[PDB]
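run-v9.cif (mmCIF, C-alpha atoms and all ligand atoms)
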```
data_structure
loop_
_atom_site.label_atom_id
_atom_site.label_comp_id
_atom_site.auth_asym_id
_atom_site.auth_seq_id
_atom_site.Cartn_x
_atom_site.Cartn_y
_atom_site.Cartn_z
CA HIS E 1 0.00 0.00 0.00
CA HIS E 2 1.34 3.56 0.51
CA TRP E 3 4.95 3.44 1.79
CA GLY E 4 5.88 3.66 5.45
CA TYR E 5 8.26 2.27 8.05
CA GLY E 6 6.23 -0.70 9.25
CA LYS E 7 6.77 -4.43 8.73
CA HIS E 8 4.56 -4.52 5.65
CA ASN E 9 5.36 -1.22 3.91
CA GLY E 10 8.85 -0.39 5.20
CA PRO E 11 12.26 0.24 3.50
CA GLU E 12 12.62 -3.41 2.43
CA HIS E 13 9.41 -3.08 0.33
CA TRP E 14 10.07 0.35 -1.28
CA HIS E 15 11.83 -1.10 -4.31
CA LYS E 16 8.55 -2.59 -5.61
CA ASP E 17 7.04 0.82 -6.39
CA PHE E 18 10.29 2.79 -6.55
CA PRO E 19 12.87 0.66 -8.43
CA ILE E 20 15.47 3.36 -7.88
CA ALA E 21 15.61 2.07 -4.28
CA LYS E 22 18.29 -0.33 -5.52
CA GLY E 23 20.08 2.39 -7.48
CA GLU E 24 23.73 3.44 -7.64
CA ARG E 25 23.67 6.49 -5.34
CA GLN E 26 21.19 5.71 -2.60
CA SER E 27 21.29 7.22 0.89
CA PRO E 28 21.85 7.00 3.74
CA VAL E 29 25.24 5.27 3.99
CA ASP E 30 27.63 4.28 6.74
CA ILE E 31 30.50 6.76 7.00
CA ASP E 32 33.72 4.81 7.58
CA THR E 33 35.98 7.50 9.04
CA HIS E 34 39.18 5.68 8.07
CA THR E 35 38.22 5.28 4.40
CA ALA E 36 36.86 8.81 4.00
CA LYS E 37 39.18 10.97 1.92
CA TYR E 38 40.41 14.30 3.28
CA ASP E 39 39.98 16.65 0.31
CA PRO E 40 41.99 19.88 0.76
CA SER E 41 40.17 21.45 -2.19
CA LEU E 42 36.87 21.50 -0.28
CA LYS E 43 35.86 25.05 0.67
CA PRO E 44 34.35 25.84 4.08
CA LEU E 45 30.55 25.73 4.21
CA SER E 46 28.81 29.10 4.08
CA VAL E 47 25.50 28.93 5.94
CA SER E 48 23.68 32.24 5.65
CA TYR E 49 20.51 31.79 7.68
CA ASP E 50 20.13 35.29 9.15
CA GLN E 51 17.22 36.24 6.84
CA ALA E 52 15.43 32.88 7.24
CA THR E 53 11.62 33.00 7.18
CA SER E 54 9.95 29.92 8.68
CA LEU E 55 6.25 29.58 7.79
CA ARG E 56 4.76 26.45 9.29
CA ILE E 57 5.30 23.03 10.78
CA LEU E 58 3.47 20.00 9.42
CA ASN E 59 3.03 16.34 10.29
CA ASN E 60 3.08 14.62 6.90
CA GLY E 61 2.61 11.07 8.16
CA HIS E 62 6.32 10.24 7.84
CA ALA E 63 7.95 12.97 9.95
CA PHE E 64 7.29 16.63 10.80
CA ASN E 65 8.61 19.32 8.43
CA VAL E 66 9.33 22.95 9.24
CA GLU E 67 8.81 24.86 5.99
CA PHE E 68 10.51 28.09 4.94
CA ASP E 69 9.75 30.85 2.45
CA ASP E 70 12.02 30.00 -0.51
CA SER E 71 10.69 32.59 -2.97
CA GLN E 72 13.96 34.52 -2.59
CA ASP E 73 17.54 34.09 -1.39
CA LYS E 74 16.61 34.44 2.29
CA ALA E 75 18.38 31.42 3.81
CA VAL E 76 21.00 29.83 1.63
CA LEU E 77 23.83 27.33 1.69
CA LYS E 78 26.88 28.00 -0.48
CA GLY E 79 30.48 26.82 -0.50
CA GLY E 80 31.69 23.43 0.60
CA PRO E 81 31.39 20.98 -2.34
CA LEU E 82 28.66 23.08 -3.92
CA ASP E 83 28.66 25.19 -7.04
CA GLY E 84 25.91 27.76 -6.92
CA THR E 85 23.44 28.88 -4.31
CA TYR E 86 21.05 26.46 -2.60
CA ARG E 87 17.86 27.74 -0.89
CA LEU E 88 16.53 26.26 2.34
CA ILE E 89 13.04 24.93 1.77
CA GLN E 90 12.45 22.75 4.86
CA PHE E 91 14.02 20.75 7.66
CA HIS E 92 12.88 17.55 9.43
CA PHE E 93 14.26 14.76 11.60
CA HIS E 94 14.44 10.99 11.69
CA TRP E 95 14.46 9.34 15.09
CA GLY E 96 14.17 6.02 16.86
CA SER E 97 12.12 4.29 19.51
CA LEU E 98 15.23 4.04 21.72
CA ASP E 99 18.26 6.31 22.21
CA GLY E 100 20.62 3.87 20.52
CA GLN E 101 19.02 4.17 17.08
CA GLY E 102 17.35 6.78 14.95
CA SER E 103 19.90 8.35 12.64
CA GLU E 104 19.93 7.42 8.98
CA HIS E 105 23.63 7.93 8.42
CA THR E 106 25.94 6.12 10.81
CA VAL E 107 29.58 6.84 11.67
CA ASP E 108 31.67 3.68 11.82
CA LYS E 109 28.40 1.77 12.32
CA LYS E 110 27.51 4.00 15.29
CA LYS E 111 23.83 5.05 15.26
CA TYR E 112 22.78 8.33 16.90
CA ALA E 113 19.42 9.10 18.54
CA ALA E 114 18.20 11.18 15.62
CA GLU E 115 19.28 13.05 12.53
CA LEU E 116 18.30 16.51 11.36
CA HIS E 117 18.01 17.19 7.64
CA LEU E 118 18.05 20.76 6.35
CA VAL E 119 16.83 20.55 2.73
CA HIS E 120 18.07 23.01 0.08
CA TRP E 121 17.49 23.24 -3.67
CA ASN E 122 19.74 24.63 -6.42
CA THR E 123 18.46 28.06 -7.48
CA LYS E 124 19.67 27.81 -11.07
CA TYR E 125 16.81 25.37 -11.61
CA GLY E 126 14.05 27.83 -10.78
CA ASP E 127 11.84 25.74 -8.52
CA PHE E 128 12.11 22.71 -6.25
CA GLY E 129 10.24 20.61 -8.80
CA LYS E 130 12.85 21.16 -11.53
CA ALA E 131 15.70 20.71 -9.04
CA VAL E 132 14.58 17.12 -8.35
CA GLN E 133 15.13 16.31 -12.04
CA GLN E 134 18.86 17.16 -11.82
CA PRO E 135 21.88 15.25 -10.41
CA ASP E 136 22.92 18.32 -8.41
CA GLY E 137 19.47 19.66 -7.70
CA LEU E 138 19.49 19.26 -3.93
CA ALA E 139 21.84 19.70 -0.98
CA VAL E 140 20.86 18.29 2.39
CA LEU E 141 22.73 19.31 5.51
CA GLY E 142 22.70 16.42 7.97
CA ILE E 143 23.26 16.84 11.70
CA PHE E 144 23.40 14.07 14.28
CA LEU E 145 21.59 14.37 17.61
CA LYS E 146 22.97 12.61 20.67
CA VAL E 147 21.13 12.40 24.00
CA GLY E 148 22.74 14.60 26.65
CA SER E 149 22.10 18.20 27.65
CA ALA E 150 19.11 20.09 26.23
CA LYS E 151 19.44 22.19 23.07
CA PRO E 152 17.72 25.55 23.80
CA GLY E 153 17.11 26.30 20.12
CA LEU E 154 15.15 23.08 19.62
CA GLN E 155 12.63 23.78 22.38
CA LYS E 156 10.27 25.94 20.30
CA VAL E 157 9.99 22.96 17.94
CA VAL E 158 9.34 20.51 20.78
CA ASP E 159 6.68 22.74 22.38
CA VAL E 160 4.60 22.89 19.19
CA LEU E 161 4.57 19.12 18.53
CA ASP E 162 1.36 18.71 20.56
CA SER E 163 -0.62 20.68 17.98
CA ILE E 164 0.49 18.53 15.02
CA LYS E 165 0.20 15.11 16.63
CA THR E 166 -1.45 13.40 13.66
CA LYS E 167 -0.96 13.09 9.88
CA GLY E 168 -2.16 16.14 7.98
CA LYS E 169 -2.10 18.56 10.91
CA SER E 170 -0.16 21.81 10.48
CA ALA E 171 0.54 24.87 12.66
CA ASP E 172 1.89 28.34 11.90
CA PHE E 173 5.54 28.42 12.91
CA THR E 174 7.00 31.81 12.11
CA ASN E 175 10.20 33.47 13.26
CA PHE E 176 12.08 30.24 13.99
CA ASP E 177 15.84 30.74 13.69
CA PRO E 178 17.42 27.54 12.30
CA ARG E 179 20.86 28.77 13.44
CA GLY E 180 19.96 27.43 16.87
CA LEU E 181 20.23 23.88 15.57
CA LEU E 182 23.83 24.13 14.35
CA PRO E 183 26.81 22.65 16.20
CA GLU E 184 29.92 24.74 16.91
CA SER E 185 32.00 23.28 14.10
CA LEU E 186 31.03 23.08 10.47
CA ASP E 187 33.49 20.29 9.58
CA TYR E 188 31.80 17.73 7.37
CA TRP E 189 31.78 14.65 5.16
CA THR E 190 30.19 14.88 1.71
CA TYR E 191 29.12 12.35 -0.92
CA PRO E 192 26.57 12.20 -3.80
CA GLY E 193 23.36 10.46 -2.78
CA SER E 194 19.55 10.47 -2.83
CA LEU E 195 16.41 11.34 -0.88
CA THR E 196 16.10 8.78 1.90
CA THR E 197 12.36 8.45 1.45
CA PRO E 198 10.41 7.62 -1.70
CA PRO E 199 10.60 8.67 -4.48
CA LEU E 200 14.30 8.18 -3.49
CA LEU E 201 15.52 10.48 -6.28
CA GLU E 202 19.29 10.62 -6.79
CA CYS E 203 19.59 14.35 -6.80
CA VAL E 204 21.33 15.08 -3.52
CA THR E 205 24.75 16.29 -2.50
CA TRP E 206 24.89 15.22 1.11
CA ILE E 207 26.81 17.27 3.64
CA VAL E 208 26.99 15.46 6.98
CA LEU E 209 28.38 17.41 9.92
CA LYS E 210 31.06 15.80 12.05
CA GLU E 211 29.97 17.34 15.33
CA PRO E 212 26.62 16.18 16.69
CA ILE E 213 24.34 18.44 18.68
CA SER E 214 23.07 17.18 22.01
CA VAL E 215 19.40 17.28 22.99
CA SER E 216 17.87 16.10 26.23
CA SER E 217 16.14 12.80 26.84
CA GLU E 218 12.93 14.79 27.46
CA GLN E 219 13.32 16.61 24.13
CA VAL E 220 13.67 13.37 22.12
CA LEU E 221 10.82 11.82 24.10
CA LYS E 222 8.49 14.46 22.67
CA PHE E 223 9.34 13.37 19.09
CA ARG E 224 8.29 9.83 20.00
CA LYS E 225 4.76 10.95 20.91
CA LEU E 226 3.81 11.96 17.37
CA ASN E 227 1.57 9.69 15.26
CA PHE E 228 1.99 8.19 11.77
CA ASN E 229 -1.80 7.89 11.55
CA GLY E 230 -4.38 10.56 10.87
CA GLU E 231 -6.85 11.75 13.51
CA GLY E 232 -9.46 9.12 14.33
CA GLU E 233 -7.42 6.19 12.98
CA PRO E 234 -5.76 3.58 15.22
CA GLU E 235 -2.70 5.07 16.95
CA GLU E 236 0.75 4.18 15.62
CA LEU E 237 3.60 6.04 17.31
CA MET E 238 5.91 7.85 14.89
CA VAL E 239 9.21 6.22 15.80
CA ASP E 240 11.92 4.55 13.78
CA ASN E 241 11.24 6.63 10.68
CA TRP E 242 14.79 6.01 9.38
CA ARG E 243 16.06 4.05 6.40
CA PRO E 244 18.88 1.61 7.05
CA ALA E 245 22.30 2.23 5.48
CA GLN E 246 22.64 1.47 1.78
CA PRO E 247 25.60 0.07 -0.23
CA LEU E 248 28.14 2.79 -0.95
CA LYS E 249 28.98 1.15 -4.30
CA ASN E 250 31.03 3.40 -6.61
CA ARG E 251 31.23 6.44 -4.36
CA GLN E 252 33.82 8.05 -2.17
CA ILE E 253 33.05 9.98 0.96
CA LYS E 254 35.18 13.11 1.19
CA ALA E 255 36.05 14.86 4.46
CA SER E 256 36.69 18.59 4.93
CA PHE E 257 39.01 17.82 7.85
CA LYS E 258 41.79 15.41 8.83
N1 LIG S 1 15.18 12.54 4.18
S1 LIG S 1 15.70 13.42 3.02
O1 LIG S 1 16.45 14.72 3.35
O2 LIG S 1 16.49 12.74 1.97
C1 LIG S 1 14.34 14.17 2.06
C2 LIG S 1 14.28 15.51 1.63
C3 LIG S 1 13.19 16.01 0.90
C4 LIG S 1 12.14 15.19 0.57
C5 LIG S 1 10.96 15.71 -0.21
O3 LIG S 1 10.97 16.88 -0.54
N2 LIG S 1 9.91 14.87 -0.55
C6 LIG S 1 8.69 15.18 -1.32
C7 LIG S 1 8.80 15.36 -2.73
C8 LIG S 1 9.83 14.66 -3.42
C9 LIG S 1 10.02 14.78 -4.83
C10 LIG S 1 9.15 15.63 -5.54
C11 LIG S 1 8.10 16.35 -4.89
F1 LIG S 1 7.30 17.15 -5.61
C12 LIG S 1 7.93 16.22 -3.46
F2 LIG S 1 6.95 16.89 -2.85
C13 LIG S 1 12.18 13.86 0.99
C14 LIG S 1 13.25 13.32 1.73
HG HG S 2 17.77 13.81 -9.72
ZN ZN S 3 15.42 13.18 5.91
#
```
Exercise: express the given structure as structure tokens:
Amino acid sequence: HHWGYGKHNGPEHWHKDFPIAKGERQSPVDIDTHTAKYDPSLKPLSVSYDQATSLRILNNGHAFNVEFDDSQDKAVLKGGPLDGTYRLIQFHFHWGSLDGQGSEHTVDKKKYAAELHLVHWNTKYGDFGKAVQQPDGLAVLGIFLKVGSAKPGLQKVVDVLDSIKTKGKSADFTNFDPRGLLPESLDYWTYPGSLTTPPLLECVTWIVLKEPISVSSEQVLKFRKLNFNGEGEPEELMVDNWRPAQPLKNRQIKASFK
């Protein structure tokens, strides 16, 4: 039926309706730190999120997305392995039912409690729709979340989760500053990949940050109270909405640090 993360419609079944699931540049992948190549030609990332305009937060049945106004160059990602300007359109997370799992990407097989994805599209393509038809159409900034001290900047997100508990629900979510979700260091690993959820399009340049951000146990607990189901349907907790690591195949993971 429609794709999900359950036993009968999960990642292992996606290939039936989306053959690209078994493609050549699928994400996420395991990042082997000893095989990753330090590339001195990689420029530092340039995250310019000061003019960011968040609009709303929505439970889409797979995760919750915080959407941004991308009609202009308000919040952009440049530099790093990218050529051109990429506009922030939305961010979301993937998390587990327990603290020891939840991230999509892993580092030396280590799984983190969750993973934040800041989605950006290449402006030379005009709109998000055209960008997903190009090999360099998207750039997703990935950040790992480990359970420890609370992250102040994530609280506004946590507090609003009650209003979007079920699939289809949305709430206004203006003036959110995404800079509060960034770690201190912008060191990263980068490799060409895909969306981690159907349609699994291979249009993404992944930029995974080395330094994870820490959030509290209470903060992550709030994520786990969301529902995959719509209002009135039987309750299915939204947990474990992550895709397991895929074969790296003919790709090399480059590091911006040594
Ligand atoms: N987890 S992740 O960062 O890799 C990821 C990022 C974006 C999307 C997305 O935009 N999906 C909807 C979608 C996809 C293609 C075309 C569309 F029109 C559309 F709405 C999905 C997964
Ligand atoms: Hg593509
Ligand atoms: Zn994602």
### Query
Between E:203, E:57, E:96, E:23, which one has atoms that come closest to residue 121 of chain E, using only C-alpha atoms?
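Of E:203, E:57, E:96, E:23, the one nearest residue 121 of chain E is E:203, counting only C-alpha atoms.
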#### Entry: Residue among E:197, E:219, E:166, E:214 lying closest to ligand ZN 3 (chain S), counting only C-alpha atoms and all ligand atoms
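Comparing E:197, E:219, E:166, E:214 against ligand ZN 3 (chain S), the winner is E:197.
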Sorted by chain and rising residue number, which residues of chain E lie within 9 Å of ligand HG 2 (chain S), and what are their closest atom pairs and distances in Å to one decimal, counting only C-alpha atoms and all ligand atoms, as a tab-separated table?
```
residue	atom	partner	partner_atom	distance
E:131	CA	S:HG2	HG	7.2
E:132	CA	S:HG2	HG	4.8
E:133	CA	S:HG2	HG	4.3
E:134	CA	S:HG2	HG	4.1
E:135	CA	S:HG2	HG	4.4
E:136	CA	S:HG2	HG	7.0
E:137	CA	S:HG2	HG	6.4
E:138	CA	S:HG2	HG	8.1
E:194	CA	S:HG2	HG	7.9
E:201	CA	S:HG2	HG	5.3
E:202	CA	S:HG2	HG	4.6
E:203	CA	S:HG2	HG	3.5
E:204	CA	S:HG2	HG	7.3
```
### Message
For a cutoff of 10 Å around the file-coordinate point (2.4, 19.4, 5.8), which residues qualify once you count only C-alpha atoms? I'd like the result as number ranges by chain.
### Response
E: 56-61, 63-67, 164, 167-171
### Message
Rounded to one decimal, what separation in Å do you get between atom CA of residue 5 of chain E and atom CA of residue 55 of chain E?
### Response
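Separation of atom CA of residue 5 of chain E and atom CA of residue 55 of chain E: 27.4 Å.
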### Query
Within 7 Å of ligand LIG 1 (chain S), counting only C-alpha atoms and all ligand atoms: which residues, as a ChimeraX atom specification?
/E:117-119,129,132,140,194-197,199
### Query
Using only C-alpha atoms and all ligand atoms, which of E:103, E:54, E:205, E:97 sits nearest ligand ZN 3 (chain S)?
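Answer, going by the shortest atom-to-atom distance: E:103.
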### Query
When distances are computed from all atoms listed in the file, which of E:147, E:89, E:82, E:181 shows the smallest separation from residue 70 of chain E?
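Nearest to residue 70 of chain E: E:89.
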### Counting only C-alpha atoms, the option among E:184, E:211, E:104, E:50 closest to residue 242 of chain E
E:104
### Query
Between E:21, E:141, E:157, E:88, which is the closest to residue 198 of chain E once you count all atoms listed in the file?
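Among E:21, E:141, E:157, E:88, it is E:21 that comes nearest to residue 198 of chain E.
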### d(atom CA of residue 48 of chain E, atom CA of residue 84 of chain E) in Å
13.5 Å
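Take atom CA of residue 111 of chain E and atom CA of residue 215 of chain E: the distance between them is 15.1 Å.
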### Message
Quick one: residues within 10 Å of residue 162 of chain E, only C-alpha atoms, excluding same-chain residues fewer than 5 positions away - as a VMD selection string?
### Response
chain E and resid 157 222 to 223 225 to 226
### Query
Which polymer residues have any atom within 12 Å of an atom of residue 113 of chain E, counting all atoms listed in the file, with same-chain residues fewer than 6 positions away left out, as a count of residues only?
35
#### Entry: Residues near residue 251 of chain E, cut-off 12 Å, only C-alpha atoms, skip fewer than 6 positions along chain, as a list in words
residues 24, 25, 26, 27, 29, 30, 31, 35, 36, 37, 190, 191, 192, 193 and 205 of chain E
Give me a file of those residues, with C-alpha atoms, as a PDB file, keeping the file's coordinate frame.
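This is the output file out.pdb:
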```pdb
ATOM      1  CA  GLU E  24      23.730   3.440  -7.640  1.00  0.00           C
ATOM      2  CA  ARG E  25      23.670   6.490  -5.340  1.00  0.00           C
ATOM      3  CA  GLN E  26      21.190   5.710  -2.600  1.00  0.00           C
ATOM      4  CA  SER E  27      21.290   7.220   0.890  1.00  0.00           C
ATOM      5  CA  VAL E  29      25.240   5.270   3.990  1.00  0.00           C
ATOM      6  CA  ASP E  30      27.630   4.280   6.740  1.00  0.00           C
ATOM      7  CA  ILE E  31      30.500   6.760   7.000  1.00  0.00           C
ATOM      8  CA  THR E  35      38.220   5.280   4.400  1.00  0.00           C
ATOM      9  CA  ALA E  36      36.860   8.810   4.000  1.00  0.00           C
ATOM     10  CA  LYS E  37      39.180  10.970   1.920  1.00  0.00           C
ATOM     11  CA  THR E 190      30.190  14.880   1.710  1.00  0.00           C
ATOM     12  CA  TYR E 191      29.120  12.350  -0.920  1.00  0.00           C
ATOM     13  CA  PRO E 192      26.570  12.200  -3.800  1.00  0.00           C
ATOM     14  CA  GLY E 193      23.360  10.460  -2.780  1.00  0.00           C
ATOM     15  CA  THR E 205      24.750  16.290  -2.500  1.00  0.00           C
TER      16      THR E 205
END
```
